[PDB]
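Have a look below at one chain only, the form deposited in one PDB entry, in structure tokens format.
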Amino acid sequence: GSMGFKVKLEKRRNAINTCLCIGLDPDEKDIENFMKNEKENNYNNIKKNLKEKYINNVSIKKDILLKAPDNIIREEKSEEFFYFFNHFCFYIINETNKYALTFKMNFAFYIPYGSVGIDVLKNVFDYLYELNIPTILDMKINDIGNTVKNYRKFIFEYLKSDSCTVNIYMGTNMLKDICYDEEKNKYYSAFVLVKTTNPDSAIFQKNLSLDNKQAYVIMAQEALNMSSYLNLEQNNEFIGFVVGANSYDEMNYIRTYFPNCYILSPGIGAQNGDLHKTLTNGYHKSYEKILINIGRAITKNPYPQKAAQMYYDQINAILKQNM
């Protein structure tokens, strides 16, 4: 893993020929359903997880993770939730990774049980790192410089994430303490929020303006200005933009006015975005520049390998059309 995110994404894209970003946002029902299904089926999927060589290379509680499932429930009741949570994530990754340009894990899904889910998240990032699959930590972080450097450490040193999401409403100077580490002279990549998928996203992103430009345009320009100041792209890193898969006019504007920007686009599947429109409006011939994120539509499907294949094939068909 000795290459910048820009180069890592380019190589993978060249290898697997897609821009599918698979979202791994397991909720409590997903974990419970997994536990239930595995008990009913002789734990087939966990046994398959246990086969995989890199499972021996994760950091946290291997002594538990590598135990036989029927042992967990019988002798390790307190470690049960950790075990089934972690094995669910490993299962999704094992089934879908061959279709994924990148995986994006949203931090919110890993925190609500306290420390246990952060052990899971750490093992998920360790695992993806070993598989050499590009990663995004979706955490829409924001704070003053002194405070955000703690997120930089968590995300880029502890998890060894390739990138993260950031909300720059507080200002762009925070990026100096996220995309750059002055002590180590390391650079990192991020996606800043530009236009989001929530139904009332226009209220600030579009209604606020300076002169005749809407906030989302100003914010995108300011992010880019900070990327140039930081020399990110000279260091094979970048600041890109989050633009929702339902925001078809904004996607078109962003791609038109910032031709070579990297775009991360959530909102397909569960949130009902239009894939043809989104992919067409954000298209770049280096299509790692238009990451299409699909979470629940893959992870909540009874056969996530087949779900990921469907989206992979659907995307590639639209990619072929754009040519």
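We call the rigid core the largest set of C-alpha positions that still match within 1.5 Å between the two forms. For every residue, the number given is its place in the sequence shown, counted from 1. Only residues modelled in both forms are compared.
The same protein also exists as the form deposited in another entry; that form is not shown, yet it is the one meant from here on.
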Requested in this report: Please look at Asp249, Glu80, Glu157, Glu75 and say which one has a C-alpha shift reaching 2 Å or more between this form and the one not shown, core superposed.
Outcome: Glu75
Query raised in the report: Relative to the superposed rigid core, does the CA atom of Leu279 travel 2 Å or more between this form and the one not shown?
Result: yes
Query raised in the report: in the other form, do the Cα atoms of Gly282 and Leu24 sit closer or farther apart than here, given a shift of 3 Å or more?
Result: farther
Query - Change in CA distance between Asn281 and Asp313 in the other form, which is 3 Å or more, as closer or farther - result: closer
Requested in this report: Superpose on the core, then tell me which runs of at least 3 consecutive residues have all their CA atoms shifted by 2 Å or more between this form and the one not shown.
Outcome: 70-75, 278-282
